[PDB]
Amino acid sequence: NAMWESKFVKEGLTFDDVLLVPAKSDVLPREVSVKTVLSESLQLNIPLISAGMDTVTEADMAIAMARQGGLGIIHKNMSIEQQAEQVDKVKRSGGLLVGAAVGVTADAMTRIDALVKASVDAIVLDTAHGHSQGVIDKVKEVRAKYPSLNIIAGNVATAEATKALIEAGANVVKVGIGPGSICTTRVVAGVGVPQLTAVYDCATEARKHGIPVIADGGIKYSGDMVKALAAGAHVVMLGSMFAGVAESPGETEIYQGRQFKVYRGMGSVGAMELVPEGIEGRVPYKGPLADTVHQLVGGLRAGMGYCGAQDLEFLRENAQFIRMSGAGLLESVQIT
């Protein structure tokens, strides 16, 4: 009963537990490189990805997002004809990078072939529990058929889970069980892993093979995104921070004179229409997408200025965190 013993040993860290420690710097924030590479085929100018959710990313979002340096993932709560159409639309809008989300359905192989012929750069094979034989075998089918296609599998929270996917044929791994804003996995199932600890553990596995890791969910401030990138992620993925953007799908509701967008989990009652592990909410209208990106990539250049990082690689390997108490982060006057 070795297992009985290790039940409560492991320990986890979230974004609010740590801070990056400043180091010797001779590179200015405006001078750094926030560029990143997921593969030969996938090169990003800014390490940002919009989430494959029906309230975050359609063709307009992926186009806006591509034009910024990043990448959008067309959600799959759509007919196959429609998704390939939106993919083909983004692709021909200047030869932009687009990604698309595929379920681990029976139909998935059919959906993937439509997306490949519409010329997607990367498909996202995402499910709630990416450490399942269903997903492993599914990746190996897709990899057998398309040995050059960028595959992003998830979701995973552990290194053994990460290893299983890399060997199945995954060249990018997506991290996060529990942490998303609209996520209720932990409340309803008791399951999940602190996102910083998740990213670090998974990155430590992927680092050996040289595979990029996506941090997905739980990000609220540019700060948390700098932390995700220094914890080992190549790239972060946002839902709530883009849902209120002008280029996301769906229109602007007005309630009491204030502008709002709907943001909901893909496993909430709406996106499904087996208990729900997603919820439905509203987010404030944030206007143009460029506004949100400028702030995020600005904050990133500051953090990398503090850490002495010229590029994201220097950041991932050398950056040092410091742990604190909860008392600690109340240290981060009524405001106008």
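Residue indices: 1-based, along the sequence shown. By rigid core we mean the largest C-alpha set that fits within 1.5 Å across both forms.
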**OP:** Kindly name the stretch, out of 246-254 and 219-227, whose CA atoms are displaced more from this form in 8 other deposited structures of this protein after the core superposition?
**Re:** 246-254
Subject >> in 8 other deposited structures of this protein, rigid core aligned: more displaced of 323-331 and 310-318 by C-alpha RMS >> reply: 323-331
Original post:
According to the PDB entry, how many deposited residues between residue 273 and residue 274 are absent from the model (none, 1 to 3, 4 to 9, 10 or more)?
Top reply: 10 or more
**OP:** Using none, 1 to 3, 4 to 9 or 10 or more, say how many deposited residues go missing between residue 1 and residue 2.
**Re:** none
Original post:
Mean C-alpha B-factor higher for 323-331, or for 21-29?
Top reply: 323-331
**OP:** Could you settle it for me: does 207-215 or 125-133 have the higher average Cα B factor in the PDB entry?
**Re:** 125-133
**OP:** Using the temperature factors in the entry, find which of 303, 281, 52, 47 has the highest value at its Cα atom.
**Re:** 281
Original post:
From 250, 180, 72, 190, pick the one with the largest CA B-factor in the entry?
Top reply: 250
**OP:** Quick one: classify residue 269 as lowest, middle or highest third of the chain based on its Cα B-factor.
**Re:** highest
Original post:
By its CA B factor, does residue 81 count among the lowest, middle or highest third of the modelled residues in the chain?
Top reply: highest
Original post:
Within this chain, which third does the Cα B-factor at residue 200 fall in: lowest, middle or highest?
Top reply: lowest
**OP:** Could you say whether, by C-alpha temperature factor, residue 311 belongs to the lowest, middle or highest third of its chain?
**Re:** highest
Original post:
Going by what the PDB entry lists, where does residue 60 fall on CA B-factor within its chain: lowest, middle or highest third?
Top reply: middle
